[PDB]
Amino acid sequence: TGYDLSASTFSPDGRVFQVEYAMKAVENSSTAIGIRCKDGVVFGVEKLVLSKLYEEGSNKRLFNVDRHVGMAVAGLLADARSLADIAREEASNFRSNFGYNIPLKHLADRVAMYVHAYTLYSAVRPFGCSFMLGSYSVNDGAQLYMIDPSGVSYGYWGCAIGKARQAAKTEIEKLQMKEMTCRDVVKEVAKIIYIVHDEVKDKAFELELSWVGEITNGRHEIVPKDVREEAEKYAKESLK
Amino acid sequence: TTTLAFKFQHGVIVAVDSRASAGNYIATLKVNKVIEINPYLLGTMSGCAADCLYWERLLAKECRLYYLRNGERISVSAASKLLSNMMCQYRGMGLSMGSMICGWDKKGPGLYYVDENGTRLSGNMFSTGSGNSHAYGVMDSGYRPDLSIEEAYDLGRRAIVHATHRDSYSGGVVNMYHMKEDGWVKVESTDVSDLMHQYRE
Amino acid sequence: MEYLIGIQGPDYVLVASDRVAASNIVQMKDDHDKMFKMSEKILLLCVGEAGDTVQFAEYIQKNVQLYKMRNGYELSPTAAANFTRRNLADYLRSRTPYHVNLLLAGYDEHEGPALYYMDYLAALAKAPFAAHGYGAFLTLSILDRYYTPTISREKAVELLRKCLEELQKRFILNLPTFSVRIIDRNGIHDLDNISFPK
Amino acid sequence: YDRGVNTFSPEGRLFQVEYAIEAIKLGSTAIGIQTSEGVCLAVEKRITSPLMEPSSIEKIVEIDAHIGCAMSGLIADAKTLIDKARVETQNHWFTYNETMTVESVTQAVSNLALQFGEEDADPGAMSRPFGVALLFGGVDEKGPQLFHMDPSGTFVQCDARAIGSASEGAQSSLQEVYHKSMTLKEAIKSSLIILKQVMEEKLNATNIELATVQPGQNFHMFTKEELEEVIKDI
Amino acid sequence: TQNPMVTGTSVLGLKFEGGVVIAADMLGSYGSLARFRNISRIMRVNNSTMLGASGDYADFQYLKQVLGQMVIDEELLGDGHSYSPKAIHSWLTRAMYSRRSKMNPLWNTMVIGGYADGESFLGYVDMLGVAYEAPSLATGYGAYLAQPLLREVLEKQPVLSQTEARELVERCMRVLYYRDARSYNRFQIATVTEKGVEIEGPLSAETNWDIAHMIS
Amino acid sequence: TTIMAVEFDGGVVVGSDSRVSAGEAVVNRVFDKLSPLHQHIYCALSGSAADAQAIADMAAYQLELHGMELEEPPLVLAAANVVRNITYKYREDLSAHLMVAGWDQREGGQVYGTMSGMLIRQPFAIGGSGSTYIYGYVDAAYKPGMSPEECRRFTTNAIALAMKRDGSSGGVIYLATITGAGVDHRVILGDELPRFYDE
Amino acid sequence: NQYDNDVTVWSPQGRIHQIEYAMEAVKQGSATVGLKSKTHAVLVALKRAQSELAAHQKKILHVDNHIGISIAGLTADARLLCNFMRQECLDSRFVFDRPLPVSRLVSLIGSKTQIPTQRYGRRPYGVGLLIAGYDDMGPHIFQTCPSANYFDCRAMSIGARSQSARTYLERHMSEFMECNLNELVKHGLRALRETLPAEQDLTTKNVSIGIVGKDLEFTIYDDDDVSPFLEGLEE
Amino acid sequence: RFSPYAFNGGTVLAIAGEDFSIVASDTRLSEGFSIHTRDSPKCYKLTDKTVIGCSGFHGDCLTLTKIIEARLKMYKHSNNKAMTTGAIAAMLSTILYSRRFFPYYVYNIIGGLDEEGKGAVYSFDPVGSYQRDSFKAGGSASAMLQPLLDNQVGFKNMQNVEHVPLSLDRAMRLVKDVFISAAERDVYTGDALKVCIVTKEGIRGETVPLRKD
Amino acid sequence: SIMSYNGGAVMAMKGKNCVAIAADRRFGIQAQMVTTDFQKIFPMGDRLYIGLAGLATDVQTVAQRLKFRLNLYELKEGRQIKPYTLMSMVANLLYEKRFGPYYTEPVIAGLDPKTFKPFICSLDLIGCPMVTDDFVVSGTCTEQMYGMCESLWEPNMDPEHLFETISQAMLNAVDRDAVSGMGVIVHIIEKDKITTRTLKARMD
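Protein chains in written order, with PDB author numbering: chain d, 6 to 245; chain Y, 73 to 273; chain l, 1 to 198; chain R, 8 to 241; chain n, 46 to 261; chain W, 21 to 219; chain b, 4 to 238; chain m, 29 to 241; chain k, 2 to 205.
What follows is the structure, encoded as structure tokens:
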């Protein structure tokens with residue numbers, strides 16, 4: 006038909022299929038989830054082990070955009086690291102401009118505007134990656150935003166990206182996440198990770214968890230191995 | 073710095089001092105000022121030493137690219153004009169280079185001069201450097217195009233030795249290079265002072 | 001300072017120039033040719049800064065040769081001077097100003113002989129005779145007395161020598177040898193090079 | 008057509024690069040030989056009519072005093088590289104004041120082979136791949152060396168290499184005539200044997216050009232005199 | 046160059062066993078005026094290294110924003126690496142050298158201390174780009190005053206403890222306050238050790254004015 | 021040219037004079053040197069009057085954008101770094117010096133001197149050609165925990181003292197009290213300037 | 004069909020065929036293998052000759068004193084990118100005056116390969132890389148892809164018939180950590196054997212290696228030092 | 029305003045022996061009348077057979093050395109071999125010319141052994157002119173070092189005396205004492221001495237004490 | 002300054018139904034005179050002329066660029082230019098050079114093509130157009146050319162009284178200028194015809 010060839014050419018129904026196909030590439034990526042509470046925001050990501058030949062800590066899926074701003078990306082890892090440095094340039098230029106840390110709503114806007122700029126031009130291609138952006142502050146509080154390949158940000162009490170999303174979002178709705186504390190939320194995050202992954206296609210994986218909130222003193226910090234193993238044992242109590 | 077060249081029946085003779093000084097201190101006495109471009113083509117140096125070493129090798133680069141291209145063994149006239157044009161674009165930026173190009177071609181043993189501002193000249197007898205005016209005197213006296221091979225060496229020898237005696241920036245050992253149809257050849261390298269002892273007696 | 005002179009006869013143009021090229025306290029080249037040939041009947045006389053004299057005049061030399069080859073026929077004397085002025089005026093405000101003084105000598109099959117005066121500021125004015133350098137003050141005054149439109153080249157060359165011998169008397173710089181040529185219907189004709197067996 | 012010069016094949020290879028090697032089969036045959044006594048180069052003038060002058064045909068060009076070169080494939084693309092290779096060779100002596108190793112000669116030229124593109128380039132960018140194959144012979148501190156390049160830019164040290172239309176049967180013939188210590192003069196004999204077999208015309212003194220480089224002698228082109236003495240030895 | 050105003054004061058640093066002490070005055074100076082009496086002139090870089098400077102403090106805050114974000118960007122990367130005290134000393138050498146070729150040099154004099162893997166590092170850079178490594182360093186008139194004080198101790202006792210170092214700093218902070226008109230009373234003593242950088246708050250020193258009675 | 025700001029519990033009091041004189045002649049004897057960058061965010065103009073008015077609009081252009089994107093009043097620290105980077109980067113062609121002060125819902129009243137290209141927080145800040153002579157009063161007479169009435173008099177007494185000693189300062193005192201409930205603008209006529217020792 | 008003409012146009016499944024054709028270009032090159040211990044790192048490179056008379060090509064490129072790399076893919080695409088890798092490493096010693104971390108170099112390699120993808124008209128770099136290096140944290144084996152993806156690795160084998168080597172790399176992975184320099188060469192050359200045909204196996208002419216270590220800088224071996232390394236290894 | 033250059037003092041010596049090449053310089057780094065440190069080695073080892081001295085403005089001595097070391101790797105990676113002493117000298121000549129309008133302020137001295145095993149001493153200038161000589165000097169004491177090496181090493185101005193080619197045993201003691209005499213009359217020289225001797229077997233470093241004044 | 006290099010003088014006076022413009026013939030460099038035939042007035046087309054003075058480099062250069070815009074304007078429009086329109090054209094040509102401005106003081110004189118109306122104007126180095134109801138002059142001696150035309154000018158003058166007035170103003174004022182002299186060219190622009198005359202002047 007030739008209508009879906011370029012993003013600058015509209016479909017007969019008034020849509021851009023090039024942006025839609027970039028979203029279908031995100032559905033093949035591994036699952037990553039996050040939840041915000043009064044104490045902070047808890048991150049988790051399923052990092053698939055491709056081979057035993059890879060060193061521990063390889064293919065880190067927990068991205069740090071800014072001191073108070075964490076990020077988890079599911080999609081093409083080439084466009085992921087691209088936007089990763091670009092999002093850091095926007096946060097660095099912000100502090101080079103206004104002299105403090107950019108709020109999460111203002112950062113999600115500038116990044117999403119940079120994502121939508123490539124959907125207009127036919128000489129470039131849109132991003133094939135989708136990601137969530139958490140933050141915490143004493144004036145704002147725990148905040149969680151997700152940006153799609155089309156460059157639109159939505160506020161979320163919780164979100165799930167990658168292959169399995171709607172299934173993980175319903176499990177979060179079954180229990181109130183607001184009054185919980187990040188110590189109890191990571192217990193549910195690891196619980197959902199074990200529910201999402203079964204042995205059918207994928208073989209093995211590793212739990213990559215991250216915290217921001219009162220426990221981390223409002224700064225983006227990875228979860229240590231000691232607490233990670235103890236958080237797994239809390240999920241090892243059930244599985245079922 | 074004293075550099076001189078002249079053409080006659082048997083070809084060009086290039087004579088130069090060896091001494092280059094900075095301020096009151098002599099940097100090196102043994103400096104070889106004559107630039108070797110082609111087997112039959114011979115350059116010189118004047119003024120700034122680095123400006124000569126840089127640009128004369130570009131001329132040697134152009135002369136070799138020419139002989140590799142058309143194989144015509146570039147004439148002294150074409151070499152002197154290409155060297156002058158390269159100094160014209162940077163004129164006013166502070167580049168100071170003197171030089172003289174010597175060699176034989178189908179026309180004859182041409183002798184040319186290239187200044188820092190792009191002045192290109194042609195004639196029988198040229199000299200450059202801080203002691204150029206001291207060279208013009210001895211060279212002009214007792215000179216004719218009919219001078220032989222041996223008589224011209226005595227003229228070129230006494231030219232540097234008596235000129236470097238009156239100059240504080242000129243000295244070292246006399247390096248004199250005769251030019252022939254096949255190519256230039258090294259004649260003699262002798263200290264100025266050692267020749268001063270023979271002239272006083 | 002180099003010297004130039006020119007004279008417009010009824011059918012002819014008589015020009016002369018000094019052949020000396022000097023640097024510092026010495027005269028390096030006394031036979032140097034200051035005369036550049038723009039076309040068959042069109043010559044050029046260029047003096048000025050030692051660097052701008054040869055460089056800028058060679059630009060005019062080929063630019064005139066550009067026109068003659070493209071259209072198959074050379075510029076007229078009037079067309080040549082007006083194109084050389086624009087070339088000098090364009091580089092006036094550039095970062096490489098050209099200090100030159102030019103005399104354009106040429107003959108036309110219709111308007112006849114033409115002589116043109118040009119300064120370093122690219123101001124073109126037609127004159128029956130003109131001169132450059134500091135020696136222009138000691139010479140042109142003689143032309144004011146002896147010039148007539150009906151003069152014959154035989155007397156003009158004699159009067160030209162009388163003007164140039166003044167350069168060996170009052171004018172300080174030596175300038176031993178002068179080059180003299182004439183332009184007419186029959187083309188460029190060389191004249192005896194002025195020599196002073198001092 | 009319906010593609011760019013940068014479009015990959017379903018097998019992952021550039022069409023423009025594939026067709027570039029296929030165009031060398033239309034060029035002129037030149038056979039280089041590397042020996043312990045030097046490097047031998049031979050090429051045919053390919054005269055299709057007596058009206059042409061053989062002096063205008065130079066298929067063996069001299070990069071440096073001890074470094075020679077050979078030519079085949081498209082003529083238009085080679086004259087651009089022969090000049091560029093010379094300039095970089097002198098830029099070496101202008102910088103390091105030494106003779107460039109023939110391996111670095113192949114290295115500087117191989118850089119400009121795949122630079123071609125369309126978008127994100129300068130006005131000095133090339134549209135189409137080189138249709139020329141080159142042979143760099145020469146002698147250096149490591150002795151006589153003979154190298155070869157293709158349109159893709161790959162340079163490989165070779166004991167013997169043949170280029171042109173006849174390179175198919177000539178390269179297989181070089182393995183037969185080349186054994187161990189065979190000298191330059193013996194390689195010249197075997198060069199004329201293979202070259203006479205692969206050409207459609209008759210071998211003559213003025214029909215082919217022969218040039219050799221030696222460790223004790225600069226790269227030298229044999230004139231009509233010496234060429235008559237070389238062909239006589241057949 | 047043009048006109049910076051925002052002048053600084055001297056900075057001192059020295060090596061001792063298992064750590065580095067760097068102290069500086071908190072006073073900013075405008076012309077002959079003492080204007081801002083509360084300023085932090087000592088900046089922490091990660092755990093194991095520390096930075097202080099002199100000259101234009103407005104250019105120093107710009108070096109805060111440049112070097113600070115670059116250091117934070119590494120903490121954001123989380124690759125397991127930290128800038129070595131030689132790396133910060135090396136980057137400031139070229140960063141200050143790059144400003145001379147553009148004819149826009151920043152007025153400043155910086156000192157890079159640090160302790161990593163048992164290696165005590167103290168280093169010096171300058172607007173002019175002069176860079177080296179010495180066991181005791183000072184800026185401004187400190188190189189004239191506090192530098193020979195520490196050289197005499199390092200020649201007699203190359204090994205100094207943490208207590209002996211701070212006692213010598215206060216004695217050097219005491220002398221610098223006397224003979225430097227542009228110095229100031231309140232200063233901060235910051236010490237990097239195996240536990241990391243620890244910056245003490247505003248401090249002072251007991252002065253001996255008995256010369257007043259000895260002259261009169 | 022005299023500008024002054026003093027922080028207190030409920031807000032800040034930012035004063036200025038009305039005198040603008042280019043050279044030795046007064047261009048306008050009544051002028052407001054306080055240019056609003058936002059509702060509660062103000063900027064005290066000083067230094068070159070031509071360069072200060074240009075930065076005030078370039079600062080307002082950036083602050084209105086940052087304010088509308090967040091849909092909330094920008095922090096006082098945000099408005100100060102805008103003036104600073106415009107000052108520090110363009111200090112080649114811009115000799116102006118500004119004093120940023122305002123109120124936010126985070127830390128309340130804040131006063132940030134942007135002069136000379138640096139940034140620092142102060143309880144009270146003074147600037148201009150006349151602020152050099154008032155250092156004596158503002159240092160000694162400053163007491164912690166002053167009522168809003170005392171802060172209005174403390175700010176007025178120091179500005180009126182500068183207007184006496186500074187030849188480039190005069191006119192009427194402009195006071196702006198920036199609090200959480202709004203901003204009050206008052207003008208002190210020449211008769212209401214506090215009288216000091218006259219001899 | 005018409006979606007393979009360029010990189011920018013997405014397939015209806017959201018895939019770029021030109022990136023796939025670039026990833027299949029790397030598998031058409033020579034087969035090289037590399038591994039690291041808790042101390043040293045060894046890169047075993049297979050050299051091919053264009054013809055029988057031709058000398059073997061060089062698959063090893065020296066980058067930094069502690070860093071080395073093997074190239075598999077289009078030769079010239081490696082060379083332009085090698086000029087980029089060496090420039091960044093020279094810039095590291097030009098600016099930081101320290102050896103560039105191998106993880107930071109590979110991150111710059113991907114950024115260079117991310118530039119051509121998102122823009123129309125510029126082809127991605129179709130060369131793959133197996134790079135190794137030693138730093139304060141020990142040796143590291145990294146692999147890159149023309150898709151710009153890069154991974155951290157204990158040991159890898161790239162090129163054709165690499166799984167027979169990777170299967171060998173899985174079984175002996177436990178030993179790779181505690182072996183010393185002489186054993187890493189024995190396991191490295193025996194790992195290369197599985198990528199090789201059943202006729203031509205091991206000759207010091209077409210087989211070369213390189214080694215980096217704790218205090219040992221990266222050093223390239225060709226024939227003289229490789230001959231005793233092949234001795235005592237039974238295939 | 030801004031002064032782009034300042035004289036940092038120091039002295040560098042190089043002498044070419046028959047089979048060897050010796051290069052030595054002091055450790056003293058001082059600007060103006062003040063001492064920055066008493067240990068600041070100027071001698072930098074490029075390759076095994078080549079050692080380059082740097083005397084001049086210290087900021088240009090650091091940057092220019094890092095630029096040379098960067099081009100050393102460009103060569104070796106390309107040419108699969110180390111640069112000869114003569115190749116490094118002619119390289120920096122074009123490096124110093126690239127700045128011809130804003131020249132680096134430094135005095136460079138390169139020394140080492142050539143392919144024939146003979147010492148090659150190369151003295152430079154900020155504009156990049158160079159020459160080969162048996163022995164050269166540089167720095168603030170350059171005027172002091174040259175006459176002593178003319179008589180002792182060069183055997184000049186001596187009538188009817190046996191001329192013995194330079195020996196390593198004497199070459200060491202001549203380089204030591206000329207600096208001992210230099211540290212006396214040179215305010216910019218002293219506090220330590222570092223001697224780097226490049227022979228056919230390898231480089232051998234030495235340390236000699238000097239007066240602390 | 003630079004305007005005093007070549008000197009020069011230009012005068013234009015408005016009569017009743019006609020306008021007259023005059024300028025001298027002298028061309029010289031400082032103390033060195035060159036030629037007597039120099040022309041300071043160039044035709045702008047029917048009943049419209051323009052004077053030029055100052056540095057002769059810009060006199061001949063701007064005259065080109067004015068004829069550049071003149072012919073292009075006349076070829077595009079089917080009617081002749083009005084003298085008021087040309088005044089603003091010179092203002093744009095001099096203002097676009099505001100950084101590099103040309104050195105000259107153009108003087109435009111002519112008749113309104115409408116019916117008989119005379120129009121005059123002059124500009125400055127800065128390119129400021131000005132319209133006067135009496136006369137306009139420019140040059141280095143312009144201070145001298147004022148007093149002649151101030152007293153002698155009348156509200157309405159026939160071609161008989163106009164030529165006699167402008168000629169005496171030139172001969173008297175130019176004789177007191179060292180860089181001006183050597184003949185005066187006077188142009189009379191009437192409704193019916195155009196008269197050109199060369200006055201007898203001292204050589205000095």
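Beta carbons: idealized from backbone N, C-alpha and C, even for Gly.
Alpha carbons only, please: which of n:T208, n:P49 and n:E62 is nearest the one belonging to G76 (chain n)? n:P49
Can you list the beta strand (DSSP E) stretches of 3 or more residues lying completely in the stretch 150-222 of chain d, in chain order? 158-160, 163-166 and 209-218
Does DSSP put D161 (chain m) in a helix, in a strand, or in coil? strand
Using DSSP bridges, identify the partner residues of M119 (chain W). W:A64 and W:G133
Below 8 Å on the Cβ atoms is my contact criterion, and I expect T217 (chain m) with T65 (chain m) to pass it. Report the Cβ-Cβ distance as a whole number of Å. Contact doesn't hold; Cβ gap of about 15 Å is too wide.
Amino acids of chain n, ordered along the chain, whose beta-carbon sits closer than 8 Å to that of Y108 (chain W): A103 and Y107
For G124 (chain R), which residues in the same chain have their Cβ closer than 8 Å to its Cβ, ignoring the five residues on either side in sequence? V12, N13 and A132
Three-state secondary structure assigned by DSSP to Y132 (chain m): coil
Of all the residues that make up the stretch 66-100 of chain m, which are near chain b by a beta-carbon distance shorter than 8 Å? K94, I95, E97 and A98
Taking 8 Å as the threshold, find out whether the stretch 38-58 of chain k comes into contact with the stretch 106-118 of chain k through three or more Cβ pairs. yes
Pull up the CB-CB distance for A34 (chain m) and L173 (chain n), whole angstroms please, since I reckon it's below 8 Å. 6 Å
Counting Cβ pairs closer than 8 Å, one from the stretch 190-208 of chain W and one from the stretch 145-164 of chain W, do we hit at least three? no
Does the Cβ of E74 (chain l) have 16 or more other Cβ atoms within 10 Å, making it buried, or fewer, making it exposed? buried
Assuming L153 (chain R) and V50 (chain R) form a contact by the criterion Cβ under 8 Å, report the distance between their Cβ atoms to the nearest whole angstrom. Their Cβ separation, rounded to whole angstroms, is 14 Å, which puts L153 (chain R) and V50 (chain R) out of contact at 8 Å.
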